[PDB]
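S.K.: The structure that follows is given in the form of structure tokens.
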Amino acid sequence: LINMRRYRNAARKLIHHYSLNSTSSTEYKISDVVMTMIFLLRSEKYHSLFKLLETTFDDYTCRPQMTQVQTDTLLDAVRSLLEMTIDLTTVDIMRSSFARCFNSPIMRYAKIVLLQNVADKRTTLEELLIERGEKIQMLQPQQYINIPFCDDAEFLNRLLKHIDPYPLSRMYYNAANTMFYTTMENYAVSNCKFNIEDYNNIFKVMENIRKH
Amino acid sequence: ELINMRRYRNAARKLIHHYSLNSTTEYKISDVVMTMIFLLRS
Amino acid sequence: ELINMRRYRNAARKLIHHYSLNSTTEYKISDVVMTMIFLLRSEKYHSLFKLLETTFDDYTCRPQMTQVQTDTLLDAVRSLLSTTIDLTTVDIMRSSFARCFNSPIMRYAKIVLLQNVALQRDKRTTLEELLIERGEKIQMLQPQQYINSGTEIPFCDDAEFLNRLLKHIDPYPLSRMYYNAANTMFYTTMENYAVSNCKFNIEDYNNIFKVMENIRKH
Amino acid sequence: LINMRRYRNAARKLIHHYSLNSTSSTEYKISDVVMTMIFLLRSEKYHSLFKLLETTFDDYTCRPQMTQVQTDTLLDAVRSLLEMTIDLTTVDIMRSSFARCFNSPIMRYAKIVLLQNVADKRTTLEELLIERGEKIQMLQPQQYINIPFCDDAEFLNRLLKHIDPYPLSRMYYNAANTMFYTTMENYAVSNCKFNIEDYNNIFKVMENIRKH
Amino acid sequence: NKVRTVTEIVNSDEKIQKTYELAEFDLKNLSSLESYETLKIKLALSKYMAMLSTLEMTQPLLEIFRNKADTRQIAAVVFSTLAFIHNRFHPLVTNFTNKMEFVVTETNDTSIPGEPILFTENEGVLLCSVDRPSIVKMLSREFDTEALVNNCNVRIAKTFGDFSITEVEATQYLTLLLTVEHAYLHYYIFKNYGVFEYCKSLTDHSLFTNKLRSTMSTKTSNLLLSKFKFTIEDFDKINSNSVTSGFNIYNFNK
Amino acid sequence: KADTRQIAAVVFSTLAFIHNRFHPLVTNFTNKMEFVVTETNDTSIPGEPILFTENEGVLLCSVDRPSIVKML
Numbered sequence: 113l114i115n116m117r118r119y120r121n122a123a124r125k126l127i128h129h130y131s132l133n134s135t136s137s138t139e140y141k142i143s144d145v146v147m148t149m150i151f152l153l154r155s156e157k158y159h160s161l162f163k164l165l166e167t168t169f170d171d172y173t174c175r176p177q178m179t180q181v182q183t184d185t186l187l188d189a190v191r192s193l194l195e196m200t201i202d203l204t205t206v207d208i209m210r211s212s213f214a215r216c217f218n219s220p221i222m223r224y225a226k227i228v229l230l231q232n233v234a238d239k240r241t242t243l244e245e246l247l248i249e250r251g252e253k254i255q256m257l258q259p260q261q262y263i264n269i270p271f272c273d274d275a276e277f278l279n280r281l282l283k284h285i286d287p288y289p290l291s292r293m294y295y296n297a298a299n300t301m302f303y304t305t306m307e308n309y310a311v312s313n314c315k316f317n318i319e320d321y322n323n324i325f326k327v328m329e330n331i332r333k334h
Numbered sequence: 112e113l114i115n116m117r118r119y120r121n122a123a124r125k126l127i128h129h130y131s132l133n134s135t138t139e140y141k142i143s144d145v146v147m148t149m150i151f152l153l154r155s
Numbered sequence: 112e113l114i115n116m117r118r119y120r121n122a123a124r125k126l127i128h129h130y131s132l133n134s135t138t139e140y141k142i143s144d145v146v147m148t149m150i151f152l153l154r155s156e157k158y159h160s161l162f163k164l165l166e167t168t169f170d171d172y173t174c175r176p177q178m179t180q181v182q183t184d185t186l187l188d189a190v191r192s193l194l198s199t200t201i202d203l204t205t206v207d208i209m210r211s212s213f214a215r216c217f218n219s220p221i222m223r224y225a226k227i228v229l230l231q232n233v234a235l236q237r238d239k240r241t242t243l244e245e246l247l248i249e250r251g252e253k254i255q256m257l258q259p260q261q262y263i264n265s266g267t268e269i270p271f272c273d274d275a276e277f278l279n280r281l282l283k284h285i286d287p288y289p290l291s292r293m294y295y296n297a298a299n300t301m302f303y304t305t306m307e308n309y310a311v312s313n314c315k316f317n318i319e320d321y322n323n324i325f326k327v328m329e330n331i332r333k334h
Numbered sequence: 113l114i115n116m117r118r119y120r121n122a123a124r125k126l127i128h129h130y131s132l133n134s135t136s137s138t139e140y141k142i143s144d145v146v147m148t149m150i151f152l153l154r155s156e157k158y159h160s161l162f163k164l165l166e167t168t169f170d171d172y173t174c175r176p177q178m179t180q181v182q183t184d185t186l187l188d189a190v191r192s193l194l195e196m200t201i202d203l204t205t206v207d208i209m210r211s212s213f214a215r216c217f218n219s220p221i222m223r224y225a226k227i228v229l230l231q232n233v234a238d239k240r241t242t243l244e245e246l247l248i249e250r251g252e253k254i255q256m257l258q259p260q261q262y263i264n269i270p271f272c273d274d275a276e277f278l279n280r281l282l283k284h285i286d287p288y289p290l291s292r293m294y295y296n297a298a299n300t301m302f303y304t305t306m307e308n309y310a311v312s313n314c315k316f317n318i319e320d321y322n323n324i325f326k327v328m329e330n331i332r333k334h
Numbered sequence: 007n008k009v010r011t012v013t014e015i016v017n018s019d020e021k022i023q024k025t026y027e028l029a030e031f032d033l034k035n036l037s038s039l040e041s042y043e044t045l046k047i048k049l050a051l052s053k054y055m056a057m058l059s060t061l062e063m064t065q066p067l068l069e070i071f072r073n074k075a076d077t078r079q080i081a082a083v084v085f086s087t088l089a090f091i092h093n094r095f096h097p098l099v100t101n102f103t104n105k106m107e108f109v110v111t112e113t114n115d116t117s118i119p120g121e122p123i124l125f126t127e128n129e130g131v132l133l134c135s136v137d138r139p140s141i142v143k144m145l146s147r148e149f150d151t152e153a154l155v156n161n162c163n164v165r166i167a168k169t170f171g198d199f200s201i202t203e204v205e206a207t208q209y210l211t212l213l214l215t216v217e218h219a220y221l222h223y224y225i226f227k228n229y230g231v232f233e234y235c236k237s238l239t240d241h242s243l244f245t246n247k248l249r250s251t252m253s254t255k256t257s258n259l260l261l262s263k264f265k266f267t268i269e270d271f272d273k274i275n276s277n278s279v280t281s282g283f284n285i286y287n288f289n290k
Numbered sequence: 074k075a076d077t078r079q080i081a082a083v084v085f086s087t088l089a090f091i092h093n094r095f096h097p098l099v100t101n102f103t104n105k106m107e108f109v110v111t112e113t114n115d116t117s118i119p120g121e122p123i124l125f126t127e128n129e130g131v132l133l134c135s136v137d138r139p140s141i142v143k144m145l
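From first to last, the protein sequence lines stand for chains C, D, D', C', A and A'. A prime marks a further copy of an entry chain.
When you line the first sequence up against the authors' numbering, it's residues 113 to 196, 200 to 234, 238 to 264, 269 to 334, in that order.
When you line the second sequence up against the authors' numbering, it's residues 112 to 135, 138 to 155, in that order.
When you line the third sequence up against the authors' numbering, it's residues 112 to 135, 138 to 194, 198 to 334, in that order.
When you line the fourth sequence up against the authors' numbering, it's residues 113 to 196, 200 to 234, 238 to 264, 269 to 334, in that order.
When you line the fifth sequence up against the authors' numbering, it's residues 7 to 156, 161 to 171, 198 to 290, in that order.
Throughout, the authors' numbering is defined as the position within the sixth sequence, counted from one, plus 73.
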């Protein structure tokens, strides 16, 4: 007999991280993987997800064939587990993450990786720039534009009072990690090499900008 | 059938033989999950 | 008969015994082709043939094998070799075959074209973009270590040699010497700018040598 | 069950390279050899070619005896596989190439070789020069000769417009490799030692010519 | 336009002055442009194609060389290519050697391995040998017409902002032009330094550097094969069979 | 998805606010510019959700709506 609630909570947290649906950085151990897999097996309506993630043990065995109703049901199951949008690419992210976690060896220090192996056309940033630029130029513009900056002291005072208890550092961390994860997921989904040199050089540019 | 019983079983045998006696090769996290699944299912 | 069945069979036994267990002698490409031909031709080894063929590229998969299938694969591979094995042996042999199938084969020589002169493109470049590009190019070079004999600055206090060099260069006007040096520096700089398709900023080159007035005024 | 189309494409490319009928330089792996041999075995009308190339495994086992109809049928089979002329010397080149590929050991880096062991009289360049010079002097001349260099600006402009999109470097590569392969095949067929010192000295002569 | 430079030393008011003419720098810059050299080579090839066209030689070169029966076209094509190359070397003579004969070779038994176009004296007149199957094999070989040989930024900025000559035909024209260029270098050594030197050069191409740079390197244009530096892949490994503990005191060819 | 005017106004106002922060003298941003909203990966830029381009007549701004939705 196992505790359904604890296993469900561990599964929820680990899947939240492994789906890139949350920026909560909590050190995850092998125990959380064991709990999430056991809960996935035990719960009847998560059997599809459990089989999906268990197929990742061998790299040569790929995703089971699911008819549209099965994919929709699994999407509803994932949504219920996360109580949050969620779609097929989230499932692909989860599959890749769990595959890399499972095939990884037992080790003393957490391994830091980047999203990869999701979604034939292995491209770079510039070819995508050209192609999507042409495609965007194809698209018809929707709105044509042809400005109040009020400094109402009382209103800004009330806004500051509302914002004052918020730990600015936490807000910056959340925003930066959200932008980073969205950029990485867009790169991986588009099958484009994510050049972290450029992304880190963005921060380096900000740092060099400040001190002048 | 959701559990490939025998492959899980040999994985658990190998892992528990390694941990219990050969305290001194290497295994992946997948084998640990496999061993726990075998222990629960049996 | 097109296939010499038994010689193929022993070749496959040897190759698979080498790859699966003896991960540490040597074999030719012909033996690899032989092993794959044996696996395809033998009916009971079709699953193993497909599993190993999935290693050709990174866009091939295998349906999840049920229990009876994995036992059939296991005793088929055991018939290939009495020693006890498991799915881990299959995994390591598959990885070895994946490494083998990606090994390049012999190819005939080809005429390789090398750029004769670093020809620049039509669009003119400024000094800054040229500096960025050339610095990126220099980054790829392999630096060499220079170790001086000692830390002391080289010098010479031999009077006789010093006045002797001074006397030898005494009849040599400083105006002509400095003019020649400055003009050859300028000509080389302009030639490099022209060859590099880079815009020459006359004002910057003039500003280079304003330390004259900086010294004179202060 | 195997994919006939993929194996046929791999066989086509590998045979194109190994017959010296193409300058396309694509890194070929052991997988391509496996695919070409399997396709040759499986296809009924390529059985002659498959047996021919399989006999190359042992150096002591030489080419099977084929009557003229069989050789003609195999030539048609090779032509169909390549959809292109092709004759017996192409088959000899293919046999030698596949023999050397098969007897080569498995190795991490591609082995660069030159054509050899094709077509008794082991000669050198000078004896061939004398002999073929006498034979040519025997031959009666066909045409006796006893010049417009138009600079029509519009016509040259149109010609340049047509030629402009062509990547000159690719054209030079194709021409140079074609000349090299024709020279090597003529040397090997004539059983004359190909002195690559001289051929490389040709390029060295061009390089030394330019800088003066 | 001219640019003036002044040098002044701190011991006097003397100023020494030099005048630079910008045309030299402009010429170097133009010679450094990739598009300029590409235009030069493509213009030479276009002139060759136009010269063939005005001689009715519009049919593809492979088709011309595939016709065994009609020898006149092959002889005319080879003669025209030789004359074009001769005019490129000497831009004063429009007509090639006023009298010469052609013999077409269709057999390996009388073929030269590596010199498809050869020249000889029959004691009365120049004779040119044409190895037709060799040229056919050259032109009919499939070409690599999809691979790229090594600006994306200008393309990105642009994105954000009638004779049918295929690439195969142009490559065939360039192939024949280079082959006849090699033949013409051999023929030039022949005509200017004797049959003995010609047959010495046939077995050792390294004499080209000495028998061309004396006159051609300072009087004629650039050679077509000099547009790119050609090397054999893994040349050192294949050449390892013939290695000398050498001592080169007359290394006239680097 | 239906109401594009609000998205265009929000992005334009944010751009104008940032422009005023950089240059505290101009209260109105570029007096004329157009907006196009992207709802597809097929025409999406991996890492630059808001992009700018010239259609030879007027500034055009691209807004990757699903990317911003996934962010927020």
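Ideal Cβ positions, reconstructed from N, Cα and C, are used throughout, including at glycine.
Would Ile268/A be called buried (16 or more neighbouring beta carbons within 10 Å of its own) or exposed?
M.R.: With 16 or more other Cβ atoms within 10 Å, it is buried.
S.K.: Using a Cβ-Cβ distance cut-off of 8 angstroms, determine whether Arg223/D' contacts chain C'.
M.R.: For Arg223/D', the answer is yes, since a Cβ of chain C' falls inside 8 angstroms of its Cβ.
S.K.: Thinking C-beta only, is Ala122/D' closer than 8 angstroms to residue 197/D'?
M.R.: Because residue 197/D' lies between 194 and 198, and chain D' jumps straight from the first to the second, it has no atoms in this structure.
S.K.: Return the chain-ordered list of same chain residues with a C-beta closer than 8 angstroms to the C-beta of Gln182/C', the five sequence neighbours on each side being excluded.
M.R.: So the list reads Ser160, once near-sequence residues are dropped.
S.K.: Roughly how many angstroms lie between the CA atoms of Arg120/C' and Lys141/C', to the nearest whole one?
M.R.: Whole-angstrom Cα-Cα distance: 15 angstroms.
S.K.: By Cβ distance below 6 angstroms, which residues in the same chain neighbour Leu153/C in space, the five residues on each side in sequence not counted?
M.R.: Only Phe162 meet the Cβ criterion.
S.K.: Give me the chain C residues within the contact set of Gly120/A', using Cβ-Cβ distance strictly less than 7 angstroms, ordered along the chain.
M.R.: Within 7 angstroms Cβ-Cβ: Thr305, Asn308, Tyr309.
S.K.: Need the endpoints of the alpha helix (DSSP H) that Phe325/C' sits in, please.
M.R.: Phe325/C' -> alpha helix (DSSP H) spans 318-332.
S.K.: Taking buried to mean at least 16 other C-beta atoms within 10 Å of its own C-beta, is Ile150/C' buried or exposed?
M.R.: Per the 10 Å Cβ criterion, buried.
S.K.: For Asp137/A', verify whether its CB is less than 7 angstroms away from any heavy atom of the ligand MN.
M.R.: This structure simply doesn't include the ligand MN, nor any ligand for that matter.
S.K.: Keeping to the same chain, check which residues put their C-beta closer than 7 angstroms to that of residue 198/C'; ignore five residues upstream and five downstream.
M.R.: Gap note for chain C': numbering proceeds from 196 to 200 with nothing in between, so residue 198/C' has no coordinates.
S.K.: Give the DSSP bridge partners of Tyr262/C', in chain order.
M.R.: Paired residues: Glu107/A.
S.K.: For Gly130/A', count the other beta carbons within 10 Å of its own beta carbon; 16 or more makes it buried, fewer makes it exposed. Which is it?
M.R.: Exposed, because fewer than 16 other Cβ atoms sit within 10 Å of the Cβ of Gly130/A'.
S.K.: If you drop the 5 nearest sequence neighbours on each side, which residues of the same chain put their C-beta closer than 7 angstroms to that of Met306/C'?
M.R.: Result list for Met306/C': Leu229, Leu230, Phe316, in chain order.
S.K.: For a test of the three-state rule: what should DSSP assign to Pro220/D', helix, strand or coil?
M.R.: The answer is strand: DSSP assigns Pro220/D' an E or B state.
S.K.: Drop a sphere of 10 angstroms on the beta-carbon of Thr200/C, count the other beta-carbons inside from all chains shown, and report buried for 16 or more, exposed for fewer.
M.R.: When all chains shown are included, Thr200/C counts as exposed.
S.K.: Using a Cβ cut-off of 7 angstroms, pull out every chain C' residue sitting near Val110/A, in sequence order please.
M.R.: Per Cβ cutoff of 7 angstroms: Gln260.
S.K.: Mark residue 158/A as exposed unless 16 or more other C-beta atoms lie within 10 angstroms of its C-beta, in which case mark it buried.
M.R.: Note on chain A: consecutive modelled numbers read 156 then 161, so residue 158/A has no coordinates in the structure shown.
S.K.: Please compile the residues from chain A' whose C-beta is within a distance smaller than 8 angstroms of the C-beta of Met301/C.
M.R.: Those within 8 angstroms of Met301/C in chain A' are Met144.
S.K.: Using the C-alpha atoms, what's the distance from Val146/D' back to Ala56/A?
M.R.: Cα to Cα, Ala56/A sits roughly 52 angstroms from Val146/D'.
S.K.: Any C-beta of chain C' within less than 8 angstroms: which residues of the stretch 240-259 of chain A qualify?
M.R.: Cβ contacts with chain C' come from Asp240, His241, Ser242, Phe244, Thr245, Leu248, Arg249, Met252, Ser253, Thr254, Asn258, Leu259.
S.K.: Does the stretch 241-257 of chain A touch the stretch 118-132 of chain A, meaning 3 or more C-beta pairs lie closer than 8 angstroms?
M.R.: Counting Cβ pairs under 8 angstroms, fewer than three are found: no touch.
S.K.: In this structure, does DSSP put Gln236/D' in helix, strand or coil?
M.R.: Strand at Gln236/D'.
S.K.: Taking Cβ positions only, does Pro176/C come closer than 8 angstroms to chain D?
M.R.: It does not; no Cβ of chain D falls within 8 angstroms.
S.K.: Below 7 angstroms on C-beta distance, what does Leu164/D' contact in chain D?
M.R.: Under the 7 angstroms cutoff, chain D gives no residues; its nearest Cβ is about 15 angstroms from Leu164/D'.
S.K.: Could you pull the start and end residues of the beta strand (DSSP E) that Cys134/A belongs to?
M.R.: 132-137 is the extent of the beta strand (DSSP E) around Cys134/A.
S.K.: Distance, Cα to Cα, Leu132/D vs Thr148/D?
M.R.: Taking the straight line from one Cα to the other gives about 16 angstroms.
S.K.: Mind reading off the beta-carbon distance from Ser146/A to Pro122/A? Whole number of angstroms is fine, and I expect it under 8 angstroms.
M.R.: Incorrect: roughly 14 angstroms between the Cβ atoms, too far for contact.
S.K.: Cα-Cα, which of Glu112/A, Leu210/A, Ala89/A is closest to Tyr220/A?
M.R.: When each option's Cα is compared against that of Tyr220/A, the closest is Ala89/A.
S.K.: Closest Cβ-Cβ distance between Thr183/D' and chain D: below 8 angstroms?
M.R.: Taking Cβ atoms only, chain D reaches closer than 8 angstroms to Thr183/D', which makes this a yes.
S.K.: Please tell me whether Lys74/A' has its Cβ less than 8 angstroms away from any Cβ of chain C.
M.R.: Closer than 8 angstroms: no.
S.K.: Can you check whether the CB of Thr300/C is closer than 8 angstroms to the CB of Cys174/D'?
M.R.: No, Cβ-Cβ distance for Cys174/D' and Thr300/C is not below 8 angstroms.
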